[PDB]
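Asker: What follows is a structure written as structure tokens; I'll ask about it next.
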Amino acid sequence: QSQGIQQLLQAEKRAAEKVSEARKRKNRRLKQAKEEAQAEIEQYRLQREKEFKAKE
Amino acid sequence: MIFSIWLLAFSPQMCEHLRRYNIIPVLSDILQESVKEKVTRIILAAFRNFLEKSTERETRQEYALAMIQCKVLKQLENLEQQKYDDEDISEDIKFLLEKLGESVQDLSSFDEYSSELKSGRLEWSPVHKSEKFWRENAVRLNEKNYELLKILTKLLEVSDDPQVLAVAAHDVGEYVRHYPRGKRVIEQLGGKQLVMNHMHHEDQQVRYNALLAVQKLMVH
């Protein structure tokens, strides 16, 4: 009998693991947004810098 | 004998110390079992001396509350309605009805559950059974450095009574249902192991409440 309840602890542990992995993916993926935004901001900044240098 | 106890209760320093003999229950038993005029009067005298000579507020509250855990105030109302010709009965009834009229408000809290835990009187009582208690208070199982959790854990560890075990499993089920962090606290205390063992208890009422607690613990 009791072994099935230990298998529920194992299922709970797998659930906590699945939740933790998804949360860690979200934490990294949210930081990747900042890193890619900064690259695209600099790409534009350098473009307006070039256009202004050309105008001058 | 209750005259001997009434005489013992004349000193504040004696009233502070006499608590360890567990004397209020035996007087409260006789107060229900023996309506005899003398016996009634000397219990009222002993109870008045214990409470009134307690210059320590904690001791005063404790004598008033121990009488209320014995539900003496209801019996004092029965004795107020009963015919007695003596002012030394009548006026000491009304005195104790006023002072126990404080501690009845303390007990008739959700703390009727607190006292059932403290005394070990776990049962299918209205305060165990009613959702309102847990729905408003479940977190309080952590109070006094987890005292109520420690009691329920000890009872689930060493009680012989399937009612106490099943009641405690139900109490754990509603604790987790109404306080989500309570799941983490039972998991940190390891109290789950008792419930998971009692899944194979000899009583179907315990096994049912253990399974129901495992459901409320592991299933959303």
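Note that each Cβ is placed from the backbone with ideal geometry, even for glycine, and that neighbours are counted across all protein chains shown. Bear in mind that the values in this text are calculations on the coordinates, not laboratory data.
Asker: Could you tell me which of B:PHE50, B:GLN69, B:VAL35 has its Cα farthest along the dipole of segment B:35-82 towards the positive end, charges placed at Cβ (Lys, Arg +1; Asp, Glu -1), taken about the Cα centre?
Answerer: B:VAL35
Asker: Which order do B:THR40, B:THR153 fall in if you start with the one that has the fewest other Cβ atoms within 10 Å? Mind showing how you got there, number by number?
Answerer: Values: B:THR40 23, B:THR153 19.
Lowest count first: B:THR153, B:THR40.
Asker: Counting each DSSP H run of 4 or more residues in chain B as -39500 (n - 2.57), what helix-only mean residue ellipticity at 222 nm follows after dividing by all residues, to the nearest 500 deg cm²/dmol?
Answerer: Estimated from H runs of four or more residues: -23000 deg cm²/dmol.
Asker: Under 13 Å from the Cβ of B:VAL167, count the other residues' Cβ atoms, weight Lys and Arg +1, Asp and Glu -1, and hand me the total.
Answerer: Around B:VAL167, the surrounding residues sum to -4.
Asker: Can you tell me the dipole magnitude for the protein assembly as shown around its Cα centre, using point charges on the Cβ only (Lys, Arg +1; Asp, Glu -1), in Debye to the nearest 20? All intermediate terms of the calculation are to be shown ahead of the outcome.
Answerer: Working: 46 positive and 45 negative charges, 470 e Å.
My answer is approximately 2260 debye.
Asker: Which order results if B:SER11, B:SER114 are arranged by neighbouring Cβ count within 10 Å, fewest first? Don't jump to the answer; show the numbers that get you there.
Answerer: Numbers: B:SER11 13, B:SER114 20.
Starting with the residue having the fewest Cβ neighbours, the order is B:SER11, B:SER114.
Asker: In Å and whole numbers, how far do the C-alpha atoms of segment B:64-110 stretch along each principal axis, longest first?
Answerer: Principal-axis extents of the Cα atoms in segment B:64-110, largest first: 38, 15, 13 Å.
Asker: What does the C-alpha gyration tensor say about the overall shape of segment B:164-207? Classify as rounded when a/c is under 1.5, otherwise prolate if a/b is larger than b/c, or oblate.
Answerer: In terms of gyration-tensor shape, oblate.
Asker: Once you keep just the Cα pairs under 8 angstrom separated by 6 or more residues, what percentage relative contact order results for chain B?
Answerer: Details: 231 pairs, mean separation 30.5, N = 220.
So the answer I get is 14 percent.
Asker: Further question: Counting pairs on different chains as well as pairs 8 or more places apart, how many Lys pairs in chain A have Cα atoms under 19 Å apart?
Answerer: 4
Asker: Still on this structure: Treating only the Cβ of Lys, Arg, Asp and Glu as charged (+1, +1, -1, -1), what charge dipole size does chain A show about its Cα centre? Round to the nearest 20 debye.
Answerer: Result for chain A is approximately 140 debye, rounded to the nearest 20.
Asker: On to the next question. Determine Rg/Rh for the protein assembly as shown; Rg is computed over alpha-carbon atoms and Rh is the Kirkwood hydrodynamic estimate from the same atoms. Working shown, then result.
Answerer: Numbers: Rg = 30.6 Å, Rh = 23.5 Å.
A ratio of 1.31.
Asker: Also, I was wondering about something else. So how long is each side of segment B:4-122 along the principal axes, counting just the alpha-carbon atoms, biggest first, in Å?
Answerer: Result, largest extent first: 40, 31, 22 Å.
Asker: Rounding to the nearest 20 debye, state how big the charge dipole of chain B is about its Cα centre with +1 on each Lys and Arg Cβ and -1 on each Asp and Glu Cβ.
Answerer: 900 debye
Asker: Take the Cα radius of gyration of chain B and divide it by 2.2 N^0.38 Å, with N its residue count; two decimals is plenty.
Answerer: Rounded to two decimals, the normalised Rg is 1.23.
Asker: Can you give the helix-only mean residue ellipticity at 222 nm for chain A, where every DSSP H stretch with n ≥ 4 adds -39500 (n - 2.57) and the sum goes over all residues, rounded to the nearest 500 deg cm²/dmol? Please list the in-between numbers first.
Answerer: Numbers: 1 runs with 53 residues, N = 56.
Estimated from H runs of four or more residues: -35500 deg cm²/dmol.
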